[PDB]
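J.: Whatever this is, show me its structure:
(chains A and B)
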Amino acid sequence: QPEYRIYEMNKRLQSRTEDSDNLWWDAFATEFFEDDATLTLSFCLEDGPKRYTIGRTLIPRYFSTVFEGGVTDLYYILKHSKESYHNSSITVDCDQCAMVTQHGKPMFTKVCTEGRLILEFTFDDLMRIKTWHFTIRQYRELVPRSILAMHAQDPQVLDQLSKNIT
Amino acid sequence: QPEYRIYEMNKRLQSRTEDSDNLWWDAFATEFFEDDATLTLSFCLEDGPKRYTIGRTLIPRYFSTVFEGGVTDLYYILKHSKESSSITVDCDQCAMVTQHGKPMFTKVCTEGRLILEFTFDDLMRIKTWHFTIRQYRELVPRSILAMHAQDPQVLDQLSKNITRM
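T.: Residues are numbered from 1 along each chain as shown, chains lettered A, B, ... in the order given. Let me share the structure:
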């Protein structure tokens, strides 16, 4: 099933530590992407639709640089996807795809990048992704929000202030 | 694999429509939980460890009441889970996520340690749900551009309130 393939992809990405070499991202791609795969991000903007497509060579470096900012976690949520055979492949067309990233210091902001992801799989034993096309339709940066009043009196926060003046 | 069963539970949760009648939750719990089952919440607080358990009878009413606050989406993320007539999945990094709507649109991340026991049947339903709530975050959507504060729509939200003074 192509569905699982993402859950697999998702879970394989949770496997990434802060030491992961360029060889690991290569293995990642060789696991999930065809030797000919292409990944495109589409924005339908004012001046007209802008597309950025990258080749198999930079697909591993693309996922590698998604984590660069001290990011801790990247995963994808597919809601109400569509399966169908088209262009001699299995295709999943999900209108509600959430590309999620998790950040660290200082904001710990969670970024939800949503739109229409259109994935093309081969009908192999491997079932790797031939085409990744993501049409970014929304964008959110969620901020953790102070929950209690006495949190503003934390010595640790006041310590950070002192430390900057030093 | 027991792991899929949650991805299934999750994928089924996106199916909850805005009406989802009490029968709909009846089927849900009957799909994933044994006719026996327990759902437990653990809080390790000052006065000591605090627990809340509900029986198979209340399992649907619990998940049904999870959505009540205008919540739109419920899902669980298992990170680095560990598996081992009882399969147990012991996930130390379990994130229960709910999505809220008007007016704050906050994403709630309730994280902790989830311990699930599944039967060795073809169906593989949950006998024991055990969740130890250890972190909690309320994420807020954040206005990204300056001019968003000058939107006529936000100013209209103001005007619309003054009319019902």
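
J.: CA only for contacts and neighbour counts going forward, please
T.: OK.

J.: so residue A:101 touches residue A:69, yeah?
T.: No: the criterion here is CA atoms under 8 Å, and residue A:101 misses it with residue A:69 at 10.3 Å.

J.: Compare those two (neighbour count), which wins?
T.: residue A:101 (19 against 11; other CA atoms under 10 Å in any protein chain shown).

J.: Mind checking if stretch A:64-75 is in reach of chain B?
T.: No: using CA under 8 Å from any CA of the partner chain, stretch A:64-75 stays clear of chain B, coming no nearer than 9.5 Å.

J.: Okay, now that stretch: how far is its last residue from its first?
T.: Chord length of stretch A:64-75, first to last residue, is 13 Å (CA to CA, to the nearest Å).

J.: Go through that stretch and flag the buried ones.
T.: Residues A:64, A:67, A:71-75 are the ones in stretch A:64-75 that count as buried (16 or more other CA atoms under 10 Å in any protein chain shown).

J.: In strands, which of these appear?
T.: Members of these lying in strands (criterion: DSSP state E): A:73-75.

J.: What helices and strands are in contact with the helix or strand where residue A:23 lies?
T.: In this structure, residue A:23 sits in helix A:22-32 according to DSSP states H and E. Here helix A:22-32 touches helix A:2-13, helix A:59-66, going by 3 or more CA pairs under 8 Å, 6 or more residues apart in numbering or on different chains; DSSP states H and E.

J.: what helices or strands is the first one leaning on?
T.: With contacts defined as 3+ CA pairs under 8 Å, 6+ apart, helix A:2-13 has these neighbours: helix A:22-32, strand A:73-79.

J.: partners of whichever helix or strand comes after the longest one in the sheet?
T.: The one in question is helix A:22-32. As assigned by DSSP H and E, the chain's next helix or strand after helix A:22-32 is strand A:33-45. Its sheet considered, strand A:33-45 pairs with strand A:48-55 (antiparallel), strand A:129-142 (parallel) by DSSP bridges.

J.: quick one, which of those is packed in tightest?
T.: strand A:129-142 (a mean of 19; mean count of other CA atoms under 10 Å in any protein chain shown).

J.: Tell me the helix or strand right after that one.
T.: Using DSSP H and E, the helix or strand that follows strand A:129-142 in sequence is helix A:155-165.

J.: okay, the buried residues of stretch A:64-75 in a markdown table with distance to residue A:114 next?
T.: Shown next, in a markdown table, are the buried residues of stretch A:64-75 (distance: CA to CA, whole Å):
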| residue | distance to residue A:114 |
| --- | --- |
| A:64 | 20 |
| A:67 | 18 |
| A:71 | 18 |
| A:72 | 19 |
| A:73 | 16 |
| A:74 | 13 |
| A:75 | 12 |
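
J.: count of residues packed around residue A:87?
T.: Residue A:87: 9 surrounding residues under other CA under 10 Å.

J.: ugh, wrong one, residue A:24
T.: Other residues within reach of residue A:24 by the criterion other CA under 10 Å amount to 14.

J.: Tell me which residue is most central in chain A.
T.: What sits nearest the mean C-alpha location of chain A, by CA atoms, centre = their mean, is residue A:99, with 4.5 Å.
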